[PDB]
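For neighbour counting, all protein chains shown are included, and Cβ atoms are generated from backbone atoms with ideal geometry for every residue, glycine included. We did not get these values from a lab; they are worked out from the coordinates using the rules stated.
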Amino acid sequence: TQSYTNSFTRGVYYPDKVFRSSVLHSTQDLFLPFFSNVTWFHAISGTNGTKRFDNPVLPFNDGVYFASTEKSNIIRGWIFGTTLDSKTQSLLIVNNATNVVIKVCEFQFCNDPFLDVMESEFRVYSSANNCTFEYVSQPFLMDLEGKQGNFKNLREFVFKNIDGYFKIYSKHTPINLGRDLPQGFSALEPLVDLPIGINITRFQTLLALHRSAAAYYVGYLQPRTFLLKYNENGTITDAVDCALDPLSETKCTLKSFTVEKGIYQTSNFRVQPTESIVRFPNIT
Amino acid sequence: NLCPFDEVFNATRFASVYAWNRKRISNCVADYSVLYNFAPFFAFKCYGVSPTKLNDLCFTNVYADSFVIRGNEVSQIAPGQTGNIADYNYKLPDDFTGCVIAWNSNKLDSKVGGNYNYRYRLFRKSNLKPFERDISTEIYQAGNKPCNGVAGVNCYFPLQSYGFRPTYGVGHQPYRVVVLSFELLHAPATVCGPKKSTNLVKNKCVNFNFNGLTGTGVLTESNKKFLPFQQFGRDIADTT
Amino acid sequence: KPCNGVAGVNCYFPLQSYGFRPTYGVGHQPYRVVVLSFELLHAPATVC
Amino acid sequence: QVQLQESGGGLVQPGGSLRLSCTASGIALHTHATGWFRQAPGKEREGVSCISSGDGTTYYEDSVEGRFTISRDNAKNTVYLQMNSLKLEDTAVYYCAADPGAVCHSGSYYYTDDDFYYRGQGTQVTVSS
Amino acid sequence: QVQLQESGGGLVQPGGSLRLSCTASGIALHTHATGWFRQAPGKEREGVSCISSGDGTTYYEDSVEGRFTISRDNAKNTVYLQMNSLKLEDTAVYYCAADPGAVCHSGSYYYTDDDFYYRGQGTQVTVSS
Ligand SMILES: *[C@@H]1O[C@H](CO)[C@@H](O)[C@H](O)[C@H]1NC(C)=O
């Protein structure tokens with residue numbers, strides 16, 4: 001599956017640890033743009049045991065937004081790294097039943113996740129060379145138990161890796177109703193900040209690939225200026241992008257959230273050159 | 001939080017040079033004035049850091065190891081040293097710092113019948129990289145004859161044992177070496193040591209330092225509340 | 001340690017000497033230094 | 001009134017090890033340069049090793065390379081000569097001497113010329129069977 | 001499983017000369033110290049000679065001085081014990097033995113105490129008319 005779907009008002013997070021009350025703050029930071037398209041990867045059921053090819057490799061440019069919604073805990077695991085081979089380090093995050101393990105070092109061979117149409121059948125690596133920083137803490141995904149139909153937990157994440165620090169922002173929204181990507185607005189709470197220092201060029205997603213609209217999301221960030229509404233109380237209530245609509249640009253330049261009737265001069269239109277001619281004299 | 005050093009320093013039987021133990025500890029108080037009673041010595045050669053200054057400096061990671069050698073090569077465990085006892089057994093990096101302790105161990109590391117639990121290597125192919133341990137037992141090729149047999153002419157056993165006896169004098173007297181290796185670097189940002197400070201004051205005009213930012217003013221209690229992830233507080237025009 | 005005594009550890013002598021063997025090579029070889037510090041201002045100057 | 005004292009020496013077996021120590025009373029270390037000179041009956045005095053003023057570059061003679069080590073502890077203001085694997089020709093009396101400046105191998109000069117300002121009484125070491 | 005092999009010995013007239021040889025199979029020479037011990041019928045075993053580990057200091061007993069020589073070569077990894085001017089009381093069986101380190105005369109120790117880790121079968125040397 002490679003279907004495209006727009007994302008309305010999702011992909012925001014707290015840029016820093018400061019506290020602001022009853023103010024509108026303009027920030028320039030990597031974000032997921034409003035009304036941007038995202039792809040739908042879907043893992044097939046796979047009754048026979050040979051292949052599915054549901055898990056491809058993704059480019060990982062400048063930060064990745066991730067989202068999921070499902071009743072069970074099939075989605076478990078993320079591996080990172082520029083090569084995923086025997087020569088360069090690679091990062092791993094596996095959630096246990098009630099724990100997580102984050103272990104970054106070389107993984108020689110990862111042929112395929114175990115596919116047995118569960119108790120203890122994730123053996124993805126064979127040899128482990130020298131490494132350090134095996135971080136264990138409180139598990140990230142906590143189980144919101146759904147009941148009485150049409151009520152499943154929505155897991156929302158942003159993964160970033162800048163200046164040697166890897167940052168995960170996460171939030172679990174229990175309310176989804178009958179829409180996979182519903183209306184509403186929600187900021188994302190920072191959880192951890194892990195110093196590793198490796199570059200990330202590729203990543204791969206680990207699934208419980210025994211047996212299984214895609215209910216799986218991925219989105220790409222760009223350094224986009226936003227305007228955020230901090231209430232009297234600590235929480236981001238609404239946000240306005242600055243390069244979506246001309247109304248959005250005049251809201252950003254006026255720096256307020258609402259606009260009145262009239263004309264407002266916002267920016268400058270300039271014509272860029274198309275070619276670059278070189279004209280030197282003919283002297284050999 | 002605290003770590004004991006007395007059980008780390010000593011062992012029931014010190015391992016040989018060709019296979020040495022090493023323990024890495026962190027996130028504890030770097031108290032180093034307590035080890036004067038749990039270990040007998042004479043030198044206490046702490047090259048980098050003064051012993052009385054160790055209670056305040058912050059160390060990220062430290063290494064503790066111990067091994068038994070002969071008394072003829074006590075000073076051979078040093079940066080820039082060469083020889084068969086150092087290049088093929090245990091050599092220090094050229095920028096080493098830390099605390100190296102050596103003691104004459106004859107009462108606890110010698111037997112009248114001859115202690116033979118101590119091992120070293122004398123034949124090996126080439127010089128080994130710093131802080132590398134080789135435990136392979138293969139016959140060295142030191143002749144034109146192929147060393148395919150277990151032993152024989154031009155095929156020498158690399159692992160050589162020490163012969164120790166209390167009747168010997170100094171020089172051949174066995175010695176025990178305990179090395180505490182220090183390194184200074186960044187990035188974990190949680191293994192920092194004695195940076196603790198105290199004595200908040202309230203309702204007075206004082207200077208303050210809170211995890212990185214300095215300022216001057218009066219401090220009071222307010223009826224605010226923060227989210228558990230928020231640390232600083234700010235308003236219009238970027239003022240704390 | 002109190003330094004009411006003349007010699008001993010932690011109690012040294014303040015002046016310290018330094019040698020000029022002729023075989024030294026331009027690292028500790030002697031150099032005569034004369035410094036002329038000046039004051040220039042609208043003032044009752046005496047040197048011209 | 002600057003006096004240099006030496007401790008150590010005695011009867012040591014060939015193949016043994018020993019630690020001579022020299023301590024300054026008046027002057028302090030890490031400003032001076034400290035060397036060792038040995039003398040035996042029937043021959044003239046020859047140097048052993050030296051430490052310069054700052055940090056310390058260790059120089060050793062031809063007959064004592066690889067076997068003898070020198071160290072300086074400013075916490076005790078004591079210079080330590082560690083000698084190991086002694087042969088039968090090392091029976092001698094040892095003197096510690098301090099000189100102003102970084103005198104050992106600065107320019108074309110070298111500390112073989114015994115002209116140090118401070119001297120000592122020296123200690124005897126004897127190797128025999 | 002290191003063995004030490006001995007070759008030589010036999011019936012030699014008094015005033016003759018011989019050359020016993022001991023070869024190490026597993027271990028190598030110039031790292032251990034190899035000594036010779038002789039035993040007579042009705043008597044207790046007594047040492048003959050030794051070579052230390054590095055370079056080699058040759059030690060001899062009181063009854064064998066000036067006549068018996070010891071040598072060692074590392075090309076063939078063999079120690080050689082040369083018999084010159086044998087008297088009638090030298091009828092004995094000879095054993096070569098090896099001990100790691102400079103075991104022979106280190107400190108207040110001497111190699112009369114037979115506590116060598118490696119041993120050998122030994123060869124018989126007989127003087128008669
Ligand atoms: C502000 O915090 C108060 C006080 O605890 C809380 O009851 C309320 O939910 C918040 N009010 C808002 C968001 O208007």
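Of note:
- Residue under evaluation residue B:83, criteria (1) within 14 Å of chain D (Cβ to nearest Cβ); (2) surrounded by 14 or more Cβ atoms within 10 Å (Cβ to Cβ); (3) touching an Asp or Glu at 6+ places or on another chain (Cβ under 9 Å), criterion not met: (2)
- In the set (1) surrounded by 15 or more Cβ atoms within 10 Å (Cβ to Cβ); (2) outside any strand (DSSP E or B), residue A:130 fails one condition alone, (1).
- Close pairs from region A:230-252: first on the phi > 0 side of the Ramachandran plot, partner within 11 Å of the ligand (Cβ to nearest atom) and assigned to a loop (DSSP other than H, G, I, E, B), Cβ under 6 Å, at least 6 apart: A:234/B:227
- Filter result for the condition that a residue is farther than 30 Å from residue B:145 by Cα and more than 13 Å from the chain's Cα centre (by Cα), over E:56, E:26, E:15: E:15
- Which numbered condition residue B:181 misses (of (1) small (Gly, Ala, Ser); (2) within 14 Å of chain E (Cβ to nearest Cβ); (3) in a strand (DSSP E or B)): (2)
- Of everything in region B:151-162 that is more than 7 Å from chain E (Cβ to nearest Cβ) and outside any strand (DSSP E or B), the residue that is surrounded by the most Cβ atoms within 10 Å (Cβ to Cβ) is B:158.
- Options E:34, E:23; residue that is under 30 Å from residue B:141 (Cβ atoms) and surrounded by 19 or more Cβ atoms within 10 Å (Cβ to Cβ): E:34
- Residue satisfying condition, being more than 26 Å from residue A:17 (Cα to Cα), away from chain E (no Cβ under 14 Å) and part of a loop (DSSP other than H, G, I, E, B), within set B:146, B:166: B:146
- Scanning region B:21-74 for residues that are hydroxyl-bearing (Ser, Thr, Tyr) and away from chain D (no Cβ under 11 Å) yields B:26, B:32, B:33, B:36, B:60, B:63, B:66.
- Qualifying residue in region A:216-231 (condition: surrounded by 16 or more Cβ atoms within 10 Å (Cβ to Cβ), within 16 Å of the ligand (Cβ to nearest atom) and within 14 Å of chain B (Cβ to nearest Cβ)): yes
- With respect to (1) hydroxyl-bearing (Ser, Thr, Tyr); (2) away from the ligand (no atom under 16 Å from the Cβ); (3) closer than 30 Å to residue B:224 by Cβ, the lone exception for residue A:235 is condition (2).
- Residue list for region B:216-240, restricted to those being within 40 Å of the chain's Cα centre (by Cα) and surrounded by 10 or more Cβ atoms within 10 Å (Cβ to Cβ): B:229, B:230, B:231, B:232
- Subset of region A:1-35 that is within 14 Å of chain B (Cβ to nearest Cβ) and basic (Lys, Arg) - its residue that is surrounded by the most Cβ atoms within 10 Å (Cβ to Cβ): A:20
- Of the residues making up region D:80-104, those that are over 14 Å from residue D:18 (Cβ atoms), more than 10 Å from chain C (Cβ to nearest Cβ) and more than 16 Å from the chain's Cα centre (by Cα) are D:88, D:89.
- Any hit, region D:39-62, residues being within 9 Å of another protein chain (Cβ to nearest Cβ), under 26 Å from residue B:83 (Cα atoms) and surrounded by 18 or more Cβ atoms within 10 Å (Cβ to Cβ): no
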